[PDB]
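Text of final17.csv (CSV, C-alpha atoms) as supplied:
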chain,number,residue,atom,x,y,z
A,1,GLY,CA,66.4,-81.2,21.1
A,2,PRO,CA,65.1,-78.7,18.5
A,3,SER,CA,66.4,-78.8,14.9
A,4,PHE,CA,69.6,-76.6,15.0
A,5,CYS,CA,71.4,-75.4,11.7
A,6,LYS,CA,72.3,-72.4,9.6
A,7,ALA,CA,69.8,-70.6,7.3
A,8,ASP,CA,69.8,-70.2,3.4
A,9,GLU,CA,71.8,-67.5,1.6
A,10,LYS,CA,74.8,-68.1,4.0
A,11,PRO,CA,76.7,-71.0,2.5
A,12,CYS,CA,79.0,-73.3,4.5
A,13,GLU,CA,82.2,-75.4,4.2
A,14,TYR,CA,80.6,-78.8,4.2
A,15,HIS,CA,76.8,-79.3,3.4
A,16,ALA,CA,75.0,-80.0,6.7
A,17,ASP,CA,75.7,-76.6,8.4
A,18,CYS,CA,72.5,-75.2,6.9
A,19,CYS,CA,69.1,-76.7,7.7
A,20,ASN,CA,69.1,-78.0,4.1
A,21,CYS,CA,72.2,-77.4,1.8
A,22,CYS,CA,75.0,-74.8,1.8
A,23,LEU,CA,77.4,-74.9,-1.2
A,24,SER,CA,80.3,-72.5,-1.5
A,25,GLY,CA,78.1,-70.3,-3.8
A,26,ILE,CA,75.4,-69.9,-1.1
A,27,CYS,CA,73.1,-71.8,1.3
A,28,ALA,CA,69.8,-73.2,-0.2
A,29,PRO,CA,66.7,-74.9,1.3
A,30,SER,CA,65.9,-78.6,0.6
A,31,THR,CA,62.7,-77.8,-1.4
A,32,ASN,CA,64.2,-78.1,-4.9
A,33,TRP,CA,63.2,-79.9,-8.1
A,34,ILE,CA,65.7,-80.2,-11.0
A,35,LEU,CA,68.7,-78.6,-9.2
A,36,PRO,CA,71.1,-81.4,-8.1
A,37,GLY,CA,73.8,-80.8,-5.4
A,38,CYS,CA,73.0,-82.6,-2.1
A,39,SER,CA,73.4,-86.4,-2.4
A,40,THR,CA,74.1,-87.7,1.1
A,41,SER,CA,73.6,-91.5,1.8
A,42,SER,CA,74.8,-93.7,4.7
A,43,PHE,CA,77.3,-96.4,3.5
A,44,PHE,CA,76.1,-98.6,6.4
A,45,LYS,CA,73.7,-98.5,9.5
A,46,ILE,CA,74.4,-96.7,12.8
As structure tokens, please, write out the structure in this file.
Amino acid sequence: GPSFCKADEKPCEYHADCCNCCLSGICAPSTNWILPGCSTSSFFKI
């Protein structure tokens, strides 16, 4: 099961479509520094 997902530049509706992040503006990689936007956390376990 290889990692499947969309690429940068092409944004998405939610945030996991891209291999990193995809806001309405555009899709972006996960290698960032002071740019906030993706804050996903599990409320519980599996």
| field | All residues 12 Å or closer to residue A:40, all atoms listed in the file, same chain fewer than 2 positions away omitted, as a PyMOL selection string | value | chain A and resi 14-16+20-21+36-38+42-43
| query | Closest to residue A:30 among A:44, A:3, A:18, A:10, using all atoms listed in the file? | reply | A:18
| field | Gap from atom CA of residue A:41 to atom CA of residue A:23 - Å, one decimal | value | 17.3 Å
| field | Residues near residue A:24, cut-off 8 Å, only C-alpha atoms, skip fewer than 3 positions along chain, as a PyMOL selection string | value | chain A and resi 11-13+27
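A straight line drawn from atom CA of residue A:28 to atom CA of residue A:6 is 10.1 Å long.
The two atoms in question, atom CA of residue A:7 and atom CA of residue A:33, are spaced 19.2 Å apart.
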Could you pull stretch 33-46 of chain A out of the structure just shown and give N, CA and C atoms as a PDB file, in the first residue's frame?
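The result, written out as out.pdb:
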ATOM      1  N   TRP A  33       7.361  26.269   8.081  1.00  0.00           N
ATOM      2  CA  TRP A  33       8.044  26.756   9.318  1.00  0.00           C
ATOM      3  C   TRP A  33       7.130  27.682  10.133  1.00  0.00           C
ATOM      4  N   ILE A  34       6.898  28.888   9.683  1.00  0.00           N
ATOM      5  CA  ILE A  34       6.019  29.817  10.465  1.00  0.00           C
ATOM      6  C   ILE A  34       4.630  29.952   9.821  1.00  0.00           C
ATOM      7  N   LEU A  35       4.317  29.143   8.837  1.00  0.00           N
ATOM      8  CA  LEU A  35       2.980  29.240   8.176  1.00  0.00           C
ATOM      9  C   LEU A  35       2.010  28.204   8.775  1.00  0.00           C
ATOM     10  N   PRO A  36       1.064  28.688   9.544  1.00  0.00           N
ATOM     11  CA  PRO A  36       0.066  27.792  10.179  1.00  0.00           C
ATOM     12  C   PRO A  36      -1.051  27.441   9.184  1.00  0.00           C
ATOM     13  N   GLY A  37      -1.802  26.397   9.445  1.00  0.00           N
ATOM     14  CA  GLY A  37      -2.907  26.022   8.503  1.00  0.00           C
ATOM     15  C   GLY A  37      -3.370  24.586   8.761  1.00  0.00           C
ATOM     16  N   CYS A  38      -2.457  23.665   8.911  1.00  0.00           N
ATOM     17  CA  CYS A  38      -2.867  22.245   9.143  1.00  0.00           C
ATOM     18  C   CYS A  38      -2.708  21.860  10.622  1.00  0.00           C
ATOM     19  N   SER A  39      -3.801  21.709  11.332  1.00  0.00           N
ATOM     20  CA  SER A  39      -3.724  21.322  12.775  1.00  0.00           C
ATOM     21  C   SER A  39      -4.614  20.093  13.020  1.00  0.00           C
ATOM     22  N   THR A  40      -4.237  18.959  12.493  1.00  0.00           N
ATOM     23  CA  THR A  40      -5.067  17.728  12.673  1.00  0.00           C
ATOM     24  C   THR A  40      -4.612  16.931  13.904  1.00  0.00           C
ATOM     25  N   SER A  41      -5.536  16.584  14.761  1.00  0.00           N
ATOM     26  CA  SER A  41      -5.196  15.791  15.981  1.00  0.00           C
ATOM     27  C   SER A  41      -6.346  14.828  16.296  1.00  0.00           C
ATOM     28  N   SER A  42      -6.039  13.619  16.690  1.00  0.00           N
ATOM     29  CA  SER A  42      -7.121  12.633  17.000  1.00  0.00           C
ATOM     30  C   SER A  42      -7.716  12.913  18.386  1.00  0.00           C
ATOM     31  N   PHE A  43      -9.022  12.978  18.479  1.00  0.00           N
ATOM     32  CA  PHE A  43      -9.670  13.234  19.808  1.00  0.00           C
ATOM     33  C   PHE A  43      -9.539  11.998  20.699  1.00  0.00           C
ATOM     34  N   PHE A  44      -9.414  10.849  20.101  1.00  0.00           N
ATOM     35  CA  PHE A  44      -9.264   9.594  20.889  1.00  0.00           C
ATOM     36  C   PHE A  44      -8.335   8.633  20.136  1.00  0.00           C
ATOM     37  N   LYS A  45      -8.319   7.383  20.519  1.00  0.00           N
ATOM     38  CA  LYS A  45      -7.443   6.390  19.819  1.00  0.00           C
ATOM     39  C   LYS A  45      -8.169   5.814  18.591  1.00  0.00           C
ATOM     40  N   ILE A  46      -7.729   4.676  18.110  1.00  0.00           N
ATOM     41  CA  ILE A  46      -8.387   4.044  16.922  1.00  0.00           C
ATOM     42  C   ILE A  46      -9.590   3.201  17.371  1.00  0.00           C
TER      43      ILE A  46
END
